[PDB]
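Student: Have a look at the structure that comes next, please.
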Amino acid sequence: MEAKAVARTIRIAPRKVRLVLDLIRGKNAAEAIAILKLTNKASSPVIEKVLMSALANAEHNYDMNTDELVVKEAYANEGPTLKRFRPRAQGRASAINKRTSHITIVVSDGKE
Amino acid sequence: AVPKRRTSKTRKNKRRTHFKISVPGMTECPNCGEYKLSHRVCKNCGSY
Amino acid sequence: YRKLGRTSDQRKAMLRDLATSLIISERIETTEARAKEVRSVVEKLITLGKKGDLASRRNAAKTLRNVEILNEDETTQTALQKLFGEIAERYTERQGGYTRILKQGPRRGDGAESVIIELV
Amino acid sequence: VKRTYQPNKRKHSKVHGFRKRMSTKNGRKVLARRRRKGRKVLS
RNA sequence: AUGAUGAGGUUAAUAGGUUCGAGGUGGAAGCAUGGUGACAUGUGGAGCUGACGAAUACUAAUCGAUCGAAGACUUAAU
RNA sequence: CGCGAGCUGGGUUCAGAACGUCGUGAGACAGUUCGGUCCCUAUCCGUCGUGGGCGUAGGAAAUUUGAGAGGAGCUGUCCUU
RNA sequence: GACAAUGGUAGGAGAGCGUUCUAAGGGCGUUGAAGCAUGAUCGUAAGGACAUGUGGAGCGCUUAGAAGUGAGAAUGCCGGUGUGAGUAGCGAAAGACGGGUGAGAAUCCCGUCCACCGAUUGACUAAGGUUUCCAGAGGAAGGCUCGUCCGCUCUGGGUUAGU
RNA sequence: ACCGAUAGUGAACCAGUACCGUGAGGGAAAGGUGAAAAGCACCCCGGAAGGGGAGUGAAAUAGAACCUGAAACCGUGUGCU
RNA sequence: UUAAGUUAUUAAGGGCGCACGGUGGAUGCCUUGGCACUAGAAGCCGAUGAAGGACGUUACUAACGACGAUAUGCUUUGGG
Ligand SMILES: [Mg+2]
Ligand SMILES: [Mg+2]
Ligand SMILES: [Mg+2]
Ligand SMILES: [Mg+2]
Ligand SMILES: [Mg+2]
Ligand SMILES: [Mg+2]
Ligand SMILES: [Mg+2]
Ligand SMILES: [Mg+2]
Ligand SMILES: [Mg+2]
Ligand SMILES: [Mg+2]
Ligand SMILES: [Mg+2]
Ligand SMILES: [Mg+2]
Ligand SMILES: [Mg+2]
Ligand SMILES: [Mg+2]
Ligand SMILES: [Mg+2]
Ligand SMILES: [Mg+2]
Ligand SMILES: [Mg+2]
Ligand SMILES: [Mg+2]
Ligand SMILES: [Mg+2]
Ligand SMILES: [Mg+2]
Ligand SMILES: [Mg+2]
Ligand SMILES: [Mg+2]
Ligand SMILES: [Mg+2]
Ligand SMILES: [Mg+2]
Ligand SMILES: [Mg+2]
Ligand SMILES: [Mg+2]
Ligand SMILES: [Mg+2]
Ligand SMILES: [Mg+2]
Ligand SMILES: [Mg+2]
Ligand SMILES: [Mg+2]
Ligand SMILES: [Mg+2]
Ligand SMILES: [Mg+2]
């Protein structure tokens, strides 16, 4: 059985969040918490909050053993962007993309 | 000054193969708490 | 020596205000490079305190800022009087050291290595 | 550097604005043309 | 530049501190004497000294963790 | 008439002005004279350094062979004969 | 059944395929229409089917009409979306520490120290701006970072003249 | 044998309106839950957003950006390389 | 064993194929709104203060309609 959580429209950009999200996938659920507490990226308190949420949906909703779970899927999709402008020089604006992310981690124990 | 050609999806992904990030220290605190960063004293949720 | 990202006078003023506050509170939280450099400042300033003569009283006041400690029972000593009176009596047998640096995690706004420098 | 349009509440109301448009026939033409577009603010 | 390179990581002199130097500056403060004074002289090559040298475990190089071989066939001599 | 996305801009085809000359004139000369804004965050190739990966039929540490490639390579004067 | 022809641009001629609508006829659809997606199907071509998903109401076929009828290009127009690239930048400048606040503090508050302006970065007062002013409350967006703060947002207040 | 939302009035939407201009003047973009709001009571994580259940409904990848959701683009897996 | 010879295994990453997502709003269907007309009226008001507006008026009120201090309406005659 699998347990998932998502975080939709997180204001961290998708390229910046997929760095730290590559560090934790495939790894067991206990040590993935320890990686997300020690990397000093901006995304590390956000994926950790989502990994807490999917380990909680495992214990509560599906009654899994949260001690032995492994992070199967850990991906971040693109969300809707906020298109901002920026005045540079000589009356000439340039677009700034405030990108958002849908962060999704799923967790399981590998059994059916 | 400007790129004469666009970079492809293949050439872009070959460039950023070293655009990675490392796993940190991750040593246990033997007194109490969770994993601390190596050679560091803990502040929260640990006794180092 | 380290330049700490500042001018010759901005570094000098930063480094003796950081050495005074490590006499007031005896353990302060700074960054790692600013604690590597105030380490040699305050240890050379406890060396002047273990002497205790008038000639090195004048030299410890080259460095120390004019800060007044509110001690217990509402008594007030300066940081110059607290250097030759309390720290100088603690380390009168020890031949060095006088500080330690305990590393901590990065800050939130930076990847600045936080550090507690203590007075041992 | 000093730009154009240094504002003035008296001159703006006196070279534009209603009692000036109404004083000449060609300024009642600009009022009739803005009533015909449905323009919310005249003058 | 980064990282690489090199010296070390407690059985440790790696860096700092401390102690002693080297070199540098040129006679500290305080005190005494003399001068009405400004100042001189003595105390005294004095004090001070960032990177240099030596000594010293005083402080910090913690506990840890990761990676890493099992030796393919074929034929020929042996 | 190598080299300005390496540099200057004295020379010159810019707007000002003046002389000579020509034109009735506005102007003109390819005659002078004074003055006159030099944009670019390097994608690819190429170059100068520097790492990582893998291979080199076990894995390592250390010393090396040199297939090759590159650098160097100038010359005066004086004295003896 | 013989025989012959069949490179081709401007350009001429011919025969077609699809598209939307109309007319008549004949139909198909919640036992799932059109679309959409996939497939190893058929036709000489433009094209046509079928199957299975998705989809949740329409649409085929035959004949004949009508045309806003077929796009890859116009430094086309309008939308999205990349590339450059995690690159340039982050708009003159000195802060440091302690305490506090909180989900969270290099930035918020308080304190001390330091620094800067000081014929002014100090006070008034016009123009001009309109409510930004003041209290609590908040942290989505705005602030070139952060944010517990704000000229931001929410709620409630605030301007008194015989001279 | 008129248009179906880049069409048809600029405007199917609190349009000559945001907005632009000192002014005349110029001038947008933006329709679709379901039959019915029955618009998710409660539980869990979280500061909150968000989620995971449960529940409504024929359907909830119909959850208010809400009919279908095509490509560009971004991903995560893989079979062969 | 020693030679000599041959051929792999590697995928940091990449390619193709497949699968599953996300973004995005094409397409299908839909229509409040437009478009072109036909027929029948009518066309232009105002110093008795027009067209246009501005401020107001609902228990709570921003806007738009509606109506002005008798203000989110009043009276009356008829429908209902
Ligand atoms: Mg990559
Ligand atoms: Mg100075
Ligand atoms: Mg060139
Ligand atoms: Mg001229
Ligand atoms: Mg003449
Ligand atoms: Mg000049
Ligand atoms: Mg032919
Ligand atoms: Mg023809
Ligand atoms: Mg049904
Ligand atoms: Mg179906
Ligand atoms: Mg159709
Ligand atoms: Mg279908
Ligand atoms: Mg056409
Ligand atoms: Mg085009
Ligand atoms: Mg970088
Ligand atoms: Mg950066
Ligand atoms: Mg670049
Ligand atoms: Mg750079
Ligand atoms: Mg930079
Ligand atoms: Mg700034
Ligand atoms: Mg205020
Ligand atoms: Mg306030
Ligand atoms: Mg921010
Ligand atoms: Mg506040
Ligand atoms: Mg549509
Ligand atoms: Mg339209
Ligand atoms: Mg919620
Ligand atoms: Mg669907
Ligand atoms: Mg429907
Ligand atoms: Mg949809
Ligand atoms: Mg890989
Ligand atoms: Mg009359």
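Naming scheme: A, B, ... for chains in displayed order of the structure tokens; residues 1 onward per chain; ligands 1 onward as shown.
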Within 7 Å of chain B, which residues belong to chain C? Use only C-alpha atoms and report them as a list in words.
Tutor: residues 102, 103, 104 and 105 of chain C
Student: Write the residues of the selection above to a file with C-alpha atoms, as a tab-separated table (two decimals), in the first residue's frame.
Tutor:
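Ended up saving to out_16.tsv:
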chain	number	residue	atom	x	y	z
C	102	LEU	CA	31.40	25.42	18.84
C	103	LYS	CA	30.10	25.15	15.30
C	104	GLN	CA	26.40	25.21	14.49
C	105	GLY	CA	24.21	24.94	11.43
Student: Which protein, DNA or RNA residues have an atom within 9 Å of ligand 26, counting only C-alpha atoms (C1' of nucleotides) and all ligand atoms, as number ranges by chain?
Tutor: H: 5-11
Student: Let's have the selection written as a PDB file, in the first residue's frame, with N, CA and C atoms (P, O5', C5', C4', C3', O3' and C1' of nucleotides).
Tutor:
ATOM      1  P     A H   5     -17.137  29.947 -30.126  1.00  0.00           P
ATOM      2  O5'   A H   5     -15.978  31.032 -30.131  1.00  0.00           O
ATOM      3  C5'   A H   5     -16.264  32.396 -30.409  1.00  0.00           C
ATOM      4  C4'   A H   5     -15.693  33.318 -29.362  1.00  0.00           C
ATOM      5  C3'   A H   5     -14.762  32.678 -28.343  1.00  0.00           C
ATOM      6  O3'   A H   5     -13.783  33.636 -27.961  1.00  0.00           O
ATOM      7  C1'   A H   5     -16.596  33.637 -27.229  1.00  0.00           C
ATOM      8  P     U H   6     -12.233  33.236 -27.943  1.00  0.00           P
ATOM      9  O5'   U H   6     -11.597  34.110 -29.108  1.00  0.00           O
ATOM     10  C5'   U H   6     -11.984  35.464 -29.295  1.00  0.00           C
ATOM     11  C4'   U H   6     -11.089  36.175 -30.280  1.00  0.00           C
ATOM     12  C3'   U H   6     -11.382  35.904 -31.752  1.00  0.00           C
ATOM     13  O3'   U H   6     -11.024  37.056 -32.507  1.00  0.00           O
ATOM     14  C1'   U H   6      -9.192  35.229 -31.264  1.00  0.00           C
ATOM     15  P     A H   7     -12.133  37.892 -33.304  1.00  0.00           P
ATOM     16  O5'   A H   7     -13.233  36.819 -33.692  1.00  0.00           O
ATOM     17  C5'   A H   7     -13.236  36.217 -34.975  1.00  0.00           C
ATOM     18  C4'   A H   7     -14.565  35.582 -35.266  1.00  0.00           C
ATOM     19  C3'   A H   7     -15.728  36.537 -35.452  1.00  0.00           C
ATOM     20  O3'   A H   7     -15.787  37.071 -36.759  1.00  0.00           O
ATOM     21  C1'   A H   7     -16.361  34.798 -33.996  1.00  0.00           C
ATOM     22  P     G H   8     -16.222  38.597 -36.994  1.00  0.00           P
ATOM     23  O5'   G H   8     -17.633  38.712 -36.278  1.00  0.00           O
ATOM     24  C5'   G H   8     -18.805  38.237 -36.917  1.00  0.00           C
ATOM     25  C4'   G H   8     -20.000  38.371 -36.017  1.00  0.00           C
ATOM     26  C3'   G H   8     -20.233  39.755 -35.458  1.00  0.00           C
ATOM     27  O3'   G H   8     -20.838  40.638 -36.375  1.00  0.00           O
ATOM     28  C1'   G H   8     -20.386  38.204 -33.716  1.00  0.00           C
ATOM     29  P     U H   9     -20.258  42.123 -36.500  1.00  0.00           P
ATOM     30  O5'   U H   9     -20.554  42.755 -35.074  1.00  0.00           O
ATOM     31  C5'   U H   9     -19.503  43.240 -34.257  1.00  0.00           C
ATOM     32  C4'   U H   9     -19.872  44.566 -33.655  1.00  0.00           C
ATOM     33  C3'   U H   9     -18.833  45.230 -32.775  1.00  0.00           C
ATOM     34  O3'   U H   9     -17.862  45.919 -33.538  1.00  0.00           O
ATOM     35  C1'   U H   9     -21.014  45.433 -31.827  1.00  0.00           C
ATOM     36  P     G H  10     -16.315  45.506 -33.468  1.00  0.00           P
ATOM     37  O5'   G H  10     -15.736  46.348 -32.249  1.00  0.00           O
ATOM     38  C5'   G H  10     -14.389  46.182 -31.834  1.00  0.00           C
ATOM     39  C4'   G H  10     -14.254  46.378 -30.350  1.00  0.00           C
ATOM     40  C3'   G H  10     -15.261  45.615 -29.512  1.00  0.00           C
ATOM     41  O3'   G H  10     -14.794  44.313 -29.224  1.00  0.00           O
ATOM     42  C1'   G H  10     -15.161  47.885 -28.807  1.00  0.00           C
ATOM     43  P     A H  11     -15.799  43.071 -29.188  1.00  0.00           P
ATOM     44  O5'   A H  11     -16.601  43.278 -27.835  1.00  0.00           O
ATOM     45  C5'   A H  11     -15.931  43.192 -26.592  1.00  0.00           C
ATOM     46  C4'   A H  11     -16.791  43.714 -25.478  1.00  0.00           C
ATOM     47  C3'   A H  11     -18.203  43.171 -25.434  1.00  0.00           C
ATOM     48  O3'   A H  11     -18.265  41.911 -24.807  1.00  0.00           O
ATOM     49  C1'   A H  11     -18.252  45.512 -25.189  1.00  0.00           C
TER      50        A H  11
END
Student: For chain F, work out the contacting residues on chain B at 10 Å, counting only C-alpha atoms (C1' of nucleotides), and write them as a PyMOL selection string.
Tutor: chain B and resi 1-7+18
Student: One decimal, in Å: what's the spacing between atom CA of residue C:52 and atom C1' of residue E:54?
Tutor: 27.8 Å
Student: Identify, with DSSP run on backbone atoms, the residues in chain B assigned to strand (DSSP E or B), and express the list as a list in words.
Tutor: residues 27, 28, 33, 35, 36 and 46 of chain B
Student: Hey, which residues sit close to ligand 28? Say within 8 Å, counting only C-alpha atoms (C1' of nucleotides) and all ligand atoms, and write them as a VMD selection string.
Tutor: (chain G and resid 54 to 55) or (chain H and resid 61)
Student: Taking only C-alpha atoms (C1' of nucleotides) and all ligand atoms into account, list the residues no farther than 10 Å from ligand 8, as number ranges by chain.
Tutor: G: 11-14
Student: Find the residues in chain D near chain I: any atom within 12 Å counts, using only C-alpha atoms (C1' of nucleotides). Write them as a PyMOL selection string.
Tutor: chain D and resi 31-32+34-36+38-42
Student: Interatomic distance between atom CA of residue A:95 and atom 1 (Mg, counted along the ligand's line) of ligand 23?
Tutor: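 Separation of atom CA of residue A:95 and atom 1 (Mg, counted along the ligand's line) of ligand 23: 17.5 Å.
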